[PDB]
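# fold the following for me, if possible:
(chains A, B, C, D, E and F, ligands or ions: 11)
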Amino acid sequence: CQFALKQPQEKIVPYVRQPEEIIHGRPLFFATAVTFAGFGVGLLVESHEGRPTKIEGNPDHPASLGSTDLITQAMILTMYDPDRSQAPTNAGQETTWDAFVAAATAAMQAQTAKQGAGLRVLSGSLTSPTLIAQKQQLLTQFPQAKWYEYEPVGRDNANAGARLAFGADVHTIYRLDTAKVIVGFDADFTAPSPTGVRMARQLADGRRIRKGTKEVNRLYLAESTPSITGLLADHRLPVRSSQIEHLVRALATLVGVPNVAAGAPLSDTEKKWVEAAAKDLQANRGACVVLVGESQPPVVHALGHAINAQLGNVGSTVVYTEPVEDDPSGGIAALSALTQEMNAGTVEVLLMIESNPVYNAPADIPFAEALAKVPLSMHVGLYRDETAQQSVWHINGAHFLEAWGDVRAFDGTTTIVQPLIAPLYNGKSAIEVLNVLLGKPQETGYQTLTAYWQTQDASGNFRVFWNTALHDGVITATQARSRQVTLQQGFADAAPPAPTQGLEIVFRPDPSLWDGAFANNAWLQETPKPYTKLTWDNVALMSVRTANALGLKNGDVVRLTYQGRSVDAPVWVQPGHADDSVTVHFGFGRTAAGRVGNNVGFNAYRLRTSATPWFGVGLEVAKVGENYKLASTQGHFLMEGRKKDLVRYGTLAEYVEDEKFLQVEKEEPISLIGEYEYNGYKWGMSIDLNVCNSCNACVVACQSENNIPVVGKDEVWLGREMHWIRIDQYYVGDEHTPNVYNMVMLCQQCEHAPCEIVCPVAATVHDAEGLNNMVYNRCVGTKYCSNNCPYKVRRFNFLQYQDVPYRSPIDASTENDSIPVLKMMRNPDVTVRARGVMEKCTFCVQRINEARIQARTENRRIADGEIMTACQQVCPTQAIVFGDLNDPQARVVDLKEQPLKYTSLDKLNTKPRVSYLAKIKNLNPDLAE
Amino acid sequence: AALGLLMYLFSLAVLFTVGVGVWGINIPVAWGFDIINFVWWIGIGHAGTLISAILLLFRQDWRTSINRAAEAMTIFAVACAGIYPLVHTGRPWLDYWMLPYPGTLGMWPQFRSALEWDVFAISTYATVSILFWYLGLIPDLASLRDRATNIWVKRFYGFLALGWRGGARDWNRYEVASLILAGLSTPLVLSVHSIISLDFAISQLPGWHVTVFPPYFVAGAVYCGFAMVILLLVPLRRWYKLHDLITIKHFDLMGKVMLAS
Amino acid sequence: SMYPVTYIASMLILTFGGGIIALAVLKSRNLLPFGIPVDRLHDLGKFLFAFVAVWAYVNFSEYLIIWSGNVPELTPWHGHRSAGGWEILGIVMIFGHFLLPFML
Amino acid sequence: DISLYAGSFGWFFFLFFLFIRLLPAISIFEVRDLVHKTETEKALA
Amino acid sequence: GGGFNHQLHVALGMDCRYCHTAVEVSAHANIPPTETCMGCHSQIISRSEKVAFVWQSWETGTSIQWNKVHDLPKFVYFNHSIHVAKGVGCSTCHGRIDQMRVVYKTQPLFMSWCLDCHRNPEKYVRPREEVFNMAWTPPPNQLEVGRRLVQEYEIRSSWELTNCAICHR
Amino acid sequence: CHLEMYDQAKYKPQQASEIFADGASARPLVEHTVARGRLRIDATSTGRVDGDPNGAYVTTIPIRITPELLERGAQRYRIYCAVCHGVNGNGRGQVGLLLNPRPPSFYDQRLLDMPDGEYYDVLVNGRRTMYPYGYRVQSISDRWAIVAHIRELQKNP
Ligand code: HEC
Ligand code: HEC
Ligand code: HEC
Ligand code: HEC
Ligand code: HEC
Ligand code: HEC
Ligand SMILES: CCCCCCCCCCCCCCCCCC(=O)OC[C@H](C)OC(=O)CCCCCCCCCCCCCCCCC
Ligand code: SF4
Ligand code: SF4
Ligand code: SF4
Ligand code: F3S
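Numbering: from 1, shown residues only, chains lettered A, B, ... in the order given. Ligands and ions are numbered 1, 2, ... in the order given. Next up is the structure itself:
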């Protein structure tokens, strides 16, 4: 309880030399990009003065068409993490940066005496052309130096399948805008992948269902575990993850592949799925695609290129370009070829660009014991990772908002990573650390970036070319050239072995925490996982029929014993799952993540075996626990007959006969309160629930925009998560093969808002614009608004929820004292809320007002695209559409007169401003029985 | 009771310091023991004024000896109650914002919420409970003053009772200010625990939006309340020898009204 | 709910109102076997007054709940009874039924 | 939530036991009228 | 140390957007950086101790810790440049700053004040050409001129202007 | 009295910081970064022929000269530039009599044979003892409007 008669003397400081570009109070968006796996996502990040506070999508970029992922959006709390490495560290104790360049250059003259032998580098799968040119300068200065590229969710099997079918390595850019059916095969392509935002928009562009739409996408999936593409899949099949090599061998023989050598037969529901998915592939040959993700072996990846070359997709929707990444034939096998080189000496310098392989290595690859045999182990990462303690040297990371850099996206388009801010802690990025190893330690990150692009610009007037590349983000004088391929024959001749009986393990990246590189990010942790709405826990995902054979409920801790290792995993049962196919997720069990990701789940990387790195069948469950915490944030995953109010679901077979078949043509409701007249800037929202894949990028972008506090695991289990927007799975149907439906439930901004009439101090009123104003400074904390809110989209600050993964919220010793580096990530237009006030989705009223007030100074009206909320500017599928309702030529006034426009809880006369477009899941005639 | 009060004042000193979220209230169910016990304590003191006010309309004489053990039992079930609308708020230092006062903000309370009327009901219920029990103690503490024979306890009851003397010009003015007060506290407590009943029934919730909440809550207030007067007066006959004033016909009639409620 | 209770509080108005009307014609025609005690007619007037106030507490809180949360399965009653001339009988029920026999 | 409710009976019986000791638990002047009412109805015989 | 004296500097013919630029562009009025104050004091009164605090903040890099006198709370979100674009001059919110040796508060920055001015803007709205004129006094005929300026500047009604999304985001 | 959200855990446009060497949360931009709304490479955004660093001083204004831009630049001259260059451009402002290298009067032959883009370049980057403007003007439509005013102010001696 802070208390004073006056607020203290607030100092206002100007600059000392104010730069020309900065106007105090204006957002000043900068066009950068983020190296996610090795590829760029393409960003438009908002730097108010120097500090970037909100990552948005670069609409010029090919990967993100103006909308980012869940992980890509929450790179701001990773930037302003107080657990970031604030100083370099030599053998445990802190040090300077120039002590490193006196120790590294003293070890670089000892390597030139040899042929640069012990100079192994362990970067992760980089595509950026400046670090490729610095590597190719490093590997021509030191001849016998090796560059190994380890990535745990790398495209190892995806490139080994491109070698096994085409000869050389080829990059495969799929194109779903000309695609009628998308027969995936263990391919979560709408996930946080290097192309996950474009493959989600192109998949959702095909199924924008309007007044005159008769043909949409189909999306046969056959997924191991329920993955977020399965929300958009209309024929998702729970396959055991070991039969997907045999579903493709049953589908490559229905289409024309001569040497498929099919084996290991199918079940009666996997065979009638594959005789109908391939029947819809033999038709519409020009617009169809067979997808396969890196969970699969390299043979089926080669068969996925065999089917796509049989159906004539090459040149139409599956283009083949030169490989954008530098070393495509190096993955887990490149990490295993390094530790067998790291053993018994014969390595002297080991640079480790941000990989964290002490934590990420498979159990068959002894990277822990092979490390500390290197006399000089250097590590470059923005966290003191699991490796940085076990490394001799350690450098800061220079997170991409702090560092001058490049990155190449898929399609080959290079985008320059400008620093929006100077390095808070002197970061010294990967382009600046190789400058020390090459011999140019005083050369900055900008001096070696323009030194490369001056030589890769064959046009004159480089300053026009360079300033345009920083402005637009993209370059597009550098796209990957389309490669003519062969599709060699005789690659799947060897018959597969017997399908081994036994309970299967399935390795996955968590959609929140991909490979544990961002496990210290608080926004990604408390963001609910897509199907199983959990926050701070790795789980073992079982089917309802698998757990019934083993006899374990939704909270027991089991000791998953793989080939030699046990992991002591909790259990979350899951209806969409495959039989005997227990799924564990990466990204957890970090022992040196920081204060957010330390000991949150079980480390699934201790079960990888580097020969079965994604799935294996030798698992023993052996329950050893009971009643784990498992802080979930949904309460009931089962639509309880509340259809017509949550997710109205239909098929396209019944929509082509009746347009408004999910609407209820009912009489106008009677209200005794009358109504009000909204005549200027009527704000409404249309959420297309048919295209929402539950990517949770809108949950974490409301968090980054509206200063929403993270809440720890102990207070999520009490149902006190602060999330203004939530996605609701609902699991309609059979408990073994259900349909999972998303309802993006935010504050519906009800016109006859029942949450407002129950506010004693009137801390919740309306605009004349029409949206619901939750004023935080007036809230005395009587949680009656939350009780009368029928959707329960009100979210109360219970404790002082502020910097909660860095100080536990059950104290008042640091209640009114805040972390100084976390204050820069906050939006300066949203109230950072106190201990006892309630929150609510305010339609991003700080984005409404900042363009309503700006349109009043220049005497005009707001257009449609001038106001774009944070959940709308992030949705890769563009499910959310915000806009004026009194503007007749608007985009939301079209989407709210569609025959699928329904409002949630119209049984109550709340009259919401948020209407939902209903879900239509395009069932085949040969499979709907 | 001091160890209960030091459990009361420590749970409140915890509640203000760390927050309102040491209770266990979730975001679905955001009203819990702070409101279940608040409507319970408000419910207890209501039959303490059926005994004090509603039965005085009926000119009934069995309410006479049950009077002060129900007038005072109302007040202490309101002082225990009325803290709960002041401490269940997350920012309890601004519960004056629920009062219609003029400020340098142009803001006033809402006066459509049934928790703002809870301010208006209880701060009328708390003040006329202590004005109808103090008016009843004006002619009674004049009798404890004259039976004192000790001037420092005579001056205590000679100032609590303002100087009363009896008198027909004061006795007639007493009962025409008592039965009007007993006629003003009878639509009050049928309204107070109806107004502590509207702050569920105003809300659109399925178990809350029923319209027989206003007479069924006040029925449960004169059900739970008569149970507390019975639970308190059975140990006030066996411990203070009041077998000739709290005779068992008073429990035969307090049981009939508790049954009829 | 409360819709039979609004009748129950008016069954008390009618039969205490019929209590005083029947003891008036039987008094005015000099047919009562007992002269009415003037203290116990103040009891019948206490009952007539305290059941006008009960009736206007169960009919108004029936309206106060339905008007506050305007659910469309509860508002059609008071929406048909406060529109098209039935609004006039609503204002009568506050003033001519409660407030004119509240003051007198 | 338990310690505030179980602590609330302290503040009830802190003030109730202050009421029993300092103030009369039975309204003396009204039960004096009840004793007078029993005598004035026995004298009506 | 030897702080800013507005009375001397506005007397030098500085039209109030010389320093405090983007009071007609931005939501927040600028306080000028040391580059503004050293634009003259590099040779006007260089080697003085009244402006030694601005030379020390130029030789070093420390920003001048000015004291904010109008410290509105951070739940208010005042927006400058909607008032100078809808015709509200720098007087009647800040006092006669040109007659101010050291800037004090004139208005207490209440909520009821600025609600009486949002509910009735016609008793305070001046023309846009006299917004940055500090000597502008309200006329005896403020009404029927201020009401004329409200319908000219399309100034919204008292309903839309007081609903705490104006303020209080 | 209760200060709960009076001062918050975020930074305003010009409030102090407890993190950096300077006290400012307003942090400097990296010197060769380009924002999205401001490409700043044309012959309009710099006062040169094709946006070269050592360009060739574009001799007339590229943007148009409307009567509401001459009136805007007459307003924007009187705010910024007329303090120590005089209202009529004679270098006779109240501070211009006290600057040691006296502000050159416009109407001098050199300032008349001066190219129009150099009048932009003395604005946005500053001359020797005249510190840079352009962070005070902050808009290309008013930097050229100021020198549109001076070119019309160079016709009435
Ligand atoms: C003429 C255009 C004006 C100039 C020049 C300045 N103001 Fe204002 N002002 C007003 C309020 C309510 C505040 C506090 C707002 C907050 O703290 O967020 C201010 C503040 C300033 C500041 C301080 C900002 C800083 O310290 O950098 C400056 C420099 C300033 N003002 C200059 C109110 C008003 C107002 C009423 C609507 C108007 C017309 C003006 N201010 C005008 C000017
Ligand atoms: C040119 C337009 C100026 C700008 C920009 C600033 N100042 Fe100034 N200042 C200027 C003059 C011509 C004078 C008079 C010199 C004298 O000896 O009187 C001043 C004076 C001051 C003073 C001293 C006031 C006094 O002695 O009465 C101070 C403290 C001062 N100036 C501060 C100051 C600051 C902080 C500035 C940056 C915003 C600034 N001045 C700018 C001319 C100009
Ligand atoms: C540069 C020479 C300025 C001119 C022209 C104007 N102002 Fe100013 N202002 C200047 C400085 C260096 C400061 C900070 C010093 C201080 O005493 O605060 C200010 C401050 C203000 C303030 C107070 C802001 C606050 O601290 O809350 C106000 C209200 C203000 N200035 C108003 C104002 C007006 C109305 C002007 C036109 C006459 C004006 N300023 C011109 C520098 C300069
Ligand atoms: C007081 C702070 C000034 C302001 C306001 C403006 N100028 Fe200026 N200017 C100033 C000085 C002290 C000088 C002398 C430079 C020298 O080294 O002697 C100048 C000079 C110029 C020139 C001449 C350039 C030259 O002769 O090499 C020009 C063309 C000029 N200034 C333009 C100019 C404009 C467009 C202004 C408004 C933004 C302006 N000046 C304002 C001092 C000051
Ligand atoms: C702009 C005209 C405003 C409107 C539309 C609203 N408020 Fe309001 N408020 C405003 C200002 C300038 C202040 C600061 C006043 C001060 O410094 O004391 C405030 C403050 C408040 C408070 C005080 C908070 C506290 O003291 O802790 C409250 C409770 C408040 N404002 C509430 C409020 C409500 C409910 C509104 C509903 C439409 C509202 N405000 C509008 C300016 C404005
Ligand atoms: C001191 C606290 C204060 C705050 C905070 C404040 N005002 Fe305003 N305000 C106006 C006028 C006139 C408008 C323009 C209304 C419009 O354009 O719709 C306005 C508009 C606004 C807007 C912009 C509304 C929008 O549509 O973006 C905000 C924000 C605002 N005022 C906040 C006159 C005033 C006056 C009158 C002298 C006072 C004082 C005043 N305002 C004081 C304040
Ligand atoms: C349990 C109680 C409630 C009972 C149930 C409800 C029944 C109705 C109650 C009606 C009366 C309620 C009064 C509420 C006053 C609220 C004022 C307030 O809390 O200001 C707080 C603020 C921080 O403080 C300030 O801004 C200024 C602080 C300093 C002023 C101190 C004023 C204290 C008043 C006593 C004055 C005595 C003289 C002291 C003078 C000041 C010396 C410092
Ligand atoms: S949807 Fe819920 S939070 Fe939003 S206005 Fe309606 S009741 Fe309030
Ligand atoms: S529109 Fe509302 S729910 Fe969506 S991101 Fe913005 S604040 Fe959150
Ligand atoms: S609304 Fe958009 S961002 Fe949110 S879950 Fe759906 S697709 Fe993802
Ligand atoms: S009803 Fe009112 S004051 Fe606070 S939490 Fe709910 S808003």
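
# apart from its neighbours in sequence, what residue is nearest residue A:340?
Distance criterion Cβ to Cβ, 6 or more residues apart in numbering or on different chains; nearest residue to residue A:340, sequence neighbours excluded, is residue A:370 at 7.9 Å. The way it works is simple: take the backbone N, C-alpha and C, and place the C-beta from them, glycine included.

# how many residues are close by that neighbour?
20 (other Cβ atoms under 10 Å in any protein chain shown).

# repeat that for the one 3 residues further on.
For residue A:373, the count of nearby residues is 15 (other Cβ under 10 Å).

# contact partners for the closest residue to it other than its chain neighbours?
Nearest in space to residue A:373, with sequence neighbours left out and distances taken as Cβ to Cβ, 6+ apart, is residue A:342 at 5.9 Å. The neighbours of residue A:342, taking Cβ atoms under 8 Å, 6 or more residues apart in numbering or on different chains as the test, are A:120, A:350, A:367, A:370-371, A:373-374.

# give the contact list for the residue nearest to residue A:340.
A:338-340, A:342-343.

# list buried residues within the residues you listed.
A:338-339, A:342 (16 or more other Cβ atoms under 10 Å in any protein chain shown).

# now render the residues you listed as CSV, adding distance to residue C:42 and secondary structure.
Putting the buried ones among the contacts of residue A:370 into CSV (distance: Cβ to Cβ, whole Å; DSSP: H, G, I helix; E, B strand; the rest coil) gives the following:
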residue, distance to residue C:42, secondary structure
A:338, 104, helix
A:339, 103, helix
A:342, 105, helix
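
# which one among the residues you listed gets closest to ligand 3?
residue A:338 (60.1 Å; Cβ to the nearest ligand atom).

# give the contact list for the closest one.
Here residue A:338 is in contact with A:120, A:122, A:146, A:148, A:150, A:370 (Cβ under 8 Å, 6+ apart).

# what helix or strand is residue A:881 located in?
strand A:880-884 (DSSP states H and E).

# could you check that strand against ligand 10 for contacts?
Yes: residues of strand A:880-884 contacting ligand 10 under Cβ under 6 Å from any ligand atom: residue A:880.

# paired strands for that strand, with orientation please.
strand A:683-688 (antiparallel) (DSSP bridges).

# show me the residue sitting in the middle of chain F in space.
residue F:134 (2.9 Å; Cα atoms, centre = their mean).

# in terms of helices and strands, where is that residue?
Residue F:134 belongs to no helix or strand, assigned by DSSP H and E.

# could you do residue A:320 as well?
strand A:318-321.

# so what does that strand touch, helix or strand wise?
strand A:171-174, helix A:298-310 (3 or more Cβ pairs under 8 Å, 6 or more residues apart in numbering or on different chains; DSSP states H and E).

# sort out which residues of the longest one are buried, please.
What it means is helix A:298-310. Buried residues in helix A:298-310 (16+ other Cβ under 10 Å): A:298-310.

# and for that helix, what's in contact with it?
Taking Cβ under 8 Å, 6+ apart as the rule, helix A:298-310 contacts A:157-158, A:160-166, A:172, A:185, A:244-245, A:248-249, A:251-252, A:255-257, A:260, A:281, A:289-292, A:294, A:314, A:318, A:485, A:487, A:491-492.

# what residues does residue F:51 make contact with?
A:463-464, F:41-43, F:45.

# over to it. Which of the three states is it?
coil (DSSP: H, G, I helix; E, B strand; the rest coil).

# any idea how far it lies from ligand 3?
For residue F:51, the distance to ligand 3 (Cβ to the nearest ligand atom, to the nearest Å) stands at 32 Å.

# for residue A:36, same thing?
44 Å.

# burial count for the residue nearest to that residue when sequence neighbours are not counted?
In space, residue A:36 comes closest to residue A:194 once its chain neighbours are excluded; the distance is 5.8 Å by Cβ to Cβ, 6+ apart. Other residues near residue A:194 come to 23 when the count uses other Cβ under 10 Å.

# buried residues in the strand holding residue A:881, which are they?
For strand A:880-884, by 16+ other Cβ under 10 Å, it's A:880-884.

# and if you look at stretch A:590-610?
Neighbour-count burial for stretch A:590-610 [16+ other Cβ under 10 Å]: A:590, A:592-594, A:596-597, A:600-609.

# show me which of those is closest to chain D.
residue A:600 (28.3 Å; Cβ to the nearest Cβ).

# contact partners for residue A:788?
Per Cβ under 8 Å, 6+ apart, neighbours of residue A:788: A:754-755, A:757-758, B:202-205, C:69.

# what about 7 Å?
A:754-755, A:758, B:203-204 (Cβ atoms under 7 Å, 6 or more residues apart in numbering or on different chains).

# and residue F:25, how far from ligand 6?
Taking Cβ to the nearest ligand atom, one finds residue F:25 at 22 Å from ligand 6.

# for residue A:85, that is, sorry about that
41 Å.

# my read: that residue touches residue A:380, true?
No: look at residue A:85 against residue A:380 with Cβ atoms under 7 Å: they stay out of range, at 9.9 Å.

# now the strands for chain E?
With strands called from DSSP state E, chain E shows them at E:66-67.

# can you give me the buried ones in the helix or strand encompassing residue B:8?
If you go by DSSP H and E, residue B:8 is part of helix B:2-17. By 16+ other Cβ under 10 Å, the buried positions in helix B:2-17 come out as B:4-5, B:7-8, B:11-12, B:15.

# quick one: which of those is nearest residue A:268?
residue B:15 (61.2 Å; Cβ to Cβ).

# from memory the closest one sits against residue B:87, does it?
Yes: judged on Cβ under 7 Å, residue B:15 makes contact with residue B:87 at a distance of 6.0 Å.

# got the contact list for the residue in chain D that ligand 8 sits nearest to?
Of all residues in chain D, residue D:1 sits closest to ligand 8, at 25.7 Å by Cβ to the nearest ligand atom. Shown in contact with residue D:1 (Cβ under 7 Å, 6+ apart): B:23-24, B:32-33.
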